[PDB]
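**Q** The structure follows.
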Amino acid sequence: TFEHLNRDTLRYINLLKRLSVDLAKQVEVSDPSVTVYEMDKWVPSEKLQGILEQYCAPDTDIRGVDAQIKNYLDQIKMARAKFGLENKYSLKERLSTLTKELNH
Amino acid sequence: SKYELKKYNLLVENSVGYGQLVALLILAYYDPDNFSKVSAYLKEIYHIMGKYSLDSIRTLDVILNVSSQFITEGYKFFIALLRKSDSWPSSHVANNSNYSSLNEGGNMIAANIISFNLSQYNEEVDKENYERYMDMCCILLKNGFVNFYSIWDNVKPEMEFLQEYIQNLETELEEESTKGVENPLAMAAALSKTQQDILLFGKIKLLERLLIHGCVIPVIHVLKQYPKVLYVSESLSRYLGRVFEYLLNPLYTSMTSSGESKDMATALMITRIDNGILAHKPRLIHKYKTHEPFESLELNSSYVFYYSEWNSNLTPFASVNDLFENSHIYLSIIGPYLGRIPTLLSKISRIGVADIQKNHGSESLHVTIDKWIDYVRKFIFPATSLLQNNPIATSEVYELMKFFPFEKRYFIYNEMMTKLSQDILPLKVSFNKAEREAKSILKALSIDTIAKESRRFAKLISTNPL
Amino acid sequence: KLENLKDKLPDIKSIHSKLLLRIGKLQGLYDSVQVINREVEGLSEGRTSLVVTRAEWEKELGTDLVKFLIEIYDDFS
Amino acid sequence: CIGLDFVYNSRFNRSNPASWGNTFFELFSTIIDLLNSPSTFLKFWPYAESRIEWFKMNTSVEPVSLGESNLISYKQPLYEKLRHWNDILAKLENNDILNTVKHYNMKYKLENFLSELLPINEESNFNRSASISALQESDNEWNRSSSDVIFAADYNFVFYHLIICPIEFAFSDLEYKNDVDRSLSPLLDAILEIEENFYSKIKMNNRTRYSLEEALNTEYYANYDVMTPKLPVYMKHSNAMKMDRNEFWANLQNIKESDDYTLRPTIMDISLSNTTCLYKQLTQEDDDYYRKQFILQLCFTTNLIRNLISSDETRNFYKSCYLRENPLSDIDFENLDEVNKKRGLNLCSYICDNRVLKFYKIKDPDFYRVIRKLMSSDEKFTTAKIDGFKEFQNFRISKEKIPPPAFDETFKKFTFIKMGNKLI
């Protein structure tokens with residue numbers, strides 16, 4: 001049993017830093033003043049950070065958190081698609097027409 | 001059988017033993033929470049060193065080697081580990097920051113092992129790790145682990161061989177200066193290792209690194225005794241200028257105010273046309289840590305010096321009076337070699353101009369004028385006499401000089417001409433080089449070659465006229 | 001002390017099992033990331049959001065624009 | 001302790017002031033004998049580690065300069081004390097089965113004290129070429145018992161015959177060498193295949209992440225060269241997870257350092273005895289430290305064998321050492337005809353250089369520097385011991401009193417000649 005404990009301790013501590021895998025690091029900044037980005041200060045959004053941190057919680061189960069991740073993902077896709085579809089068509093048409101009228 | 005210690009102090013003697021230890025050591029540097037588990041690691045290492053009867057000396061060495069292998073970004077945990085282990089001199093800790101104690105205290109066994117490992121530069125494998133090992137020793141040599149002189153007195157190049165190399169360099173330089181050498185252009189083109197050693201390792205390299213890592217008092221105390229050492233290599237002057245420039249920068253910004261003008265160092269945003277609309281984005285860079293002291297930005301990423309608290313022991317100036325008081329220590333050491341770093345000339349001269357302008361109205365202006373006269377006479381002008389085709393620095397020094405009575409300017413110029421060109425070696429070398437070059441150009445002035453000879457003569461006369 | 005070790009086997013055992021659980025969770029966490037990264041790739045490579053509205057897109061995007069979409073598989077890169 | 005300090009303080013009053021030495025040490029020995037159990041010994045040692053600098057002066061009544069000792073192995077003070085403490089060390093080593101961690105801590109404290117007392121150079125402070133037997137890492141005859149069985153047998157055979165005694169496996173009859181070679185080859189093959197799988201997993205993860213993060217931004221153009229591990233973002237900035245991990249490490253550490261569990265094995269033992277545990281240890285693909293230990297062992301022993309075969313100068317020293325302790329031996333020490341020499345110096349340069357370094361020169365270029373530095377340092381230490389550790393005989397401890405320097409803080413004066421020179 002002691003041998004098992006020692007080997008598993010090495011496996012665990014090996015698995016945090018070295019064998020780790022992290023996010024994709026898609027970057028977008030709102031502030032206009034900033035022009036140079038460190039590319040390492042990028043953090044995930046609080047909504048994602050809480051959902052992730054609930055994994056290593058003492059009493060939580062994995063399946064429910066996986067479901068919550070699925071729901072978050074679907075919400076993100078839906079909101080992004082809705083905003084893009086709204087922004088493209090009507091805004092482009094109105095901007096073009098108003099620009100032409102203003103030039104005339 | 002009766003009086004031997006029965007311990008195994010060569011790696012192949014107790015293989016299993018050292019195996020475990022060194023493997024464990026790697027673990028400590030690959031552990032995210034390694035910082036809060038120092039005590040567990042020390043207890044593990046003691047348990048192991050007990051089981052298979054490893055030695056204390058060899059095990060200290062094994063720790064030092066595979067630690068120096070990770071020193072860059074491991075130094076925090078490394079120093080905490082050694083700080084809590086009982087191989088740390090706790091009742092006689094060395095100081096290394098007080099002239100009266102540069103040779104008292106430390107852990108002399110670590111001193112033996114270090115002074116040993118620093119003199120092995122004969123094989124080919126250690127020539128690529130000497131840098132990291134010297135950096136680890138330079139880190140240890142300022143937290144009081146070992147006193148300085150215990151390391152200085154015992155590294156390879158003895159003081160006598162150093163002095164001999166110094167005399168050889170002095171004579172060769174003086175001869176090549178006074179006599180000079182004819183550079184063959186078309187001459188005869190038709191008819192009808194120990195120097196590298198002294199320069200690259202041992203005492204000189206230790207001095208350069210002790211200077212880079214912000215420990216100025218050992219090297220000040222050494223160069224106070226043997227000034228000629230500055231002839232061995234140029235890099236000492238550059239690094240001393242680095243620490244002095246960091247010392248002076250915050251005083252310099254408080255005057256000649258550039259802080260209000262600091263808010264213009266920004267980069268252009270990457271602009272791109274997508275779907276027929278403009279879109280701006282910021283540029284993305286990443287940060288790397290290296291052993292080279294000067295920062296840079298190589299086309300996508302920025303490099304920085306790793307040991308980011310090297311400037312902990314130094315306090316910048318608060319008033320020009322402190323600038324005088326510390327000039328008398330650092331600049332009197334750097335000597336006539338200040339010219340190797342032009343930017344310092346510009347900074348000090350602009351500080352002078354602003355200090356003289358600040359009290360144009362007051363009655364005591366002549367006091368400050370006299371004091372800056374003396375300063376420029378003793379510290380700056382000999383330096384500017386050394387420059388090489390660099391007009392703007394001389395333009396700055398003269399922009400400061402403009403405030404004096406012309407009698408004083410003639411005094412300084414004539415003294416520099418008569419008494420300080422001779423009787424000082426590097427100044428003499430530079431004057432002789434400039435003079436020979438001026439005559440060489442003067443022999444080749446024509447109505448047809450003026451288009452470029454005029455520019456060259458203008459640069460040469462503007463840089464080092466008198 | 002070497003004779004009686006049946007009485008000290010439980011506690012260690014406990015820790016062992018506890019450690020195992022921790023690893024599990026951490027492993028799970030990594031697996032989780034390996035899905036979301038993948039989904040993000042989905043958004044980059046062209047458009048694949050061929051989702052069904054079911055009166056939801058009318059609620060979110062707007063009833064007025066819903067006409068032009070009635071007459072999604074839209075890019076979201 | 002108060003009496004032991006009193007005898008130090010009352011030295012000047014004694015009739016023969018030097019005679020305090022043999023007195024002081026004497027008392028010390030007695031009390032070292034009376035301590036009940038290693039618990040009490042560890043509770044008492046910080047004293048003897050506080051007042052070391054009092055031991056180093058054998059007879060002089062004035063303190064010694066820090067770093068110089070005037071004790072010798074055969075002098076009147078140590079003549080019996082070193083013999084006695086070596087007896088105690090030997091007895092503590094002889095247990096080997098019923099050793100609580102307290103015992104190993106005690107033996108370490110003692111060996112470090114004695115090694116610090118005598119200088120590095122004394123004739124009895126560096127061993128004279130005794131290659132340590134009894135290196136086994138088994139579970140002390142507890143829990144001691146397909147592919148697992150053959151792997152265990154092969155590892156046991158090569159470990160014993162090559163690493164337990166490099167000397168013998170250096171002077172063989174050309175049957176022994178080829179035997180250990182035919183036993184070794186597949187072992188290294190399998191272990192290196194496993195390490196390849198390991199680094200392949202790492203590189204696949206990093207490459208996929210980098211390709212995505214590059215194709216997801218405007219002008220990123222990631223740097224594929226660097227691969228040093230870094231803590232993930234969603235952990236480098238959290239605080240709940242860090243507190244939880246610290247609570248767990250504290251719980252485990254409290255389990256460890258408790259008087260109920262002082263009979264454990266070290267954190268890196270391999271236990272050649274229990275076959276299935278050995279198999280689970282070496283071939284796991286997630287815990288690679290055991291393979292690093294094995295590679296390090298092979299590299300050390302092969303370094304020694306190569307130097308032995310080729311140098312023909314250390315061979316004389318080892319022959320002399322083997323002879324002096326036992327004038328009757330059987331190893332050739334001269335018979336290196338060339339058919340043997342060839343096979344040996346070939347197997348060495350094969351495993352130590354052709355495979356190991358060639359492997360860890362492309363992948364993990366930090367273990368590379370580690371093994372190279374350790375091998376070179378071991379060679380240097382061997383050749384330094386050969387001459388009798390004369391390189392540490394000269395050290396030049398400075399004894400001056402350094403005064404604070406004086407800085408000229410005055411400026412020169414100006415002559416009567418207002419202008420430059422008399423004429424103007």
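All residue names refer to the structure tokens as shown: chains lettered A, B, ... in order, residues numbered from 1 in each chain, ligands numbered from 1 in order.
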Using only C-alpha atoms, find each residue in chain B having at least one atom no more than 6 Å away from chain D; report its shortest atom-to-atom pair and that distance in Å (one decimal), rows by chain then rising number, as a tab-separated table.
**A**
```
residue	atom	partner	partner_atom	distance
B:2	CA	D:83	CA	5.9
B:3	CA	D:83	CA	5.9
B:4	CA	D:124	CA	5.0
B:12	CA	D:300	CA	5.5
B:13	CA	D:131	CA	4.7
B:14	CA	D:132	CA	5.6
B:15	CA	D:297	CA	5.8
B:19	CA	D:293	CA	5.2
B:47	CA	D:104	CA	5.9
B:50	CA	D:108	CA	4.6
B:51	CA	D:104	CA	5.7
B:99	CA	D:404	CA	5.5
B:100	CA	D:402	CA	5.2
B:108	CA	D:67	CA	5.6
B:407	CA	D:419	CA	5.3
B:410	CA	D:420	CA	5.5
B:411	CA	D:420	CA	4.5
B:414	CA	D:420	CA	5.2
```
**Q** Could you produce a table of the residues of chain C lying within 7 Å of chain A, with the nearest pair of atoms per residue and their separation in Å rounded to one decimal, using only C-alpha atoms, ordered by chain and increasing residue number, as a Markdown table?
**A**
```
| residue | atom | partner | partner_atom | distance |
| --- | --- | --- | --- | --- |
| C:16 | CA | A:5 | CA | 5.7 |
| C:23 | CA | A:12 | CA | 6.4 |
| C:25 | CA | A:56 | CA | 6.3 |
| C:26 | CA | A:56 | CA | 6.9 |
| C:29 | CA | A:55 | CA | 6.4 |
| C:30 | CA | A:21 | CA | 6.6 |
| C:33 | CA | A:23 | CA | 6.7 |
| C:37 | CA | A:24 | CA | 6.0 |
| C:60 | CA | A:82 | CA | 6.8 |
| C:61 | CA | A:82 | CA | 5.2 |
| C:74 | CA | A:81 | CA | 7.0 |
| C:76 | CA | A:81 | CA | 5.9 |
```
**Q** Within 10 Å of chain C, which residues belong to chain D? Use only C-alpha atoms and report them as a ChimeraX atom specification.
**A** /D:98,205,209,212-213,215-216,245,248,251-252,255-256,260-263
**Q** Using only C-alpha atoms and a distance of at most 9 Å, pull out the residues of chain B that contact chain A, as a list in words.
**A**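 Residues passing the distance filter: residues 27, 30, 31, 32, 33, 266, 267, 268, 269, 270, 281, 282, 283, 284, 285, 286 and 287 of chain B.
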**Q** Return the single residue from B:63, B:380, B:442, B:318 that is closest to residue 416 in chain B, with distances computed using only C-alpha atoms.
**A**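 Between B:63, B:380, B:442, B:318, the residue approaching residue 416 in chain B most closely is B:380.
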**Q** Interatomic distance between CA of residue 271 in chain B and CA of residue 31 in chain A?
**A**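 The value is 15.6 Å.
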**Q** So which residues touch residue 122 in chain B within 12 Å, counting only C-alpha atoms, skipping near sequence neighbours fewer than 3 positions away, as number ranges by chain?
**A** B: 117-119, 125-128, 130, 156, 194, 197, 201; D: 376, 380
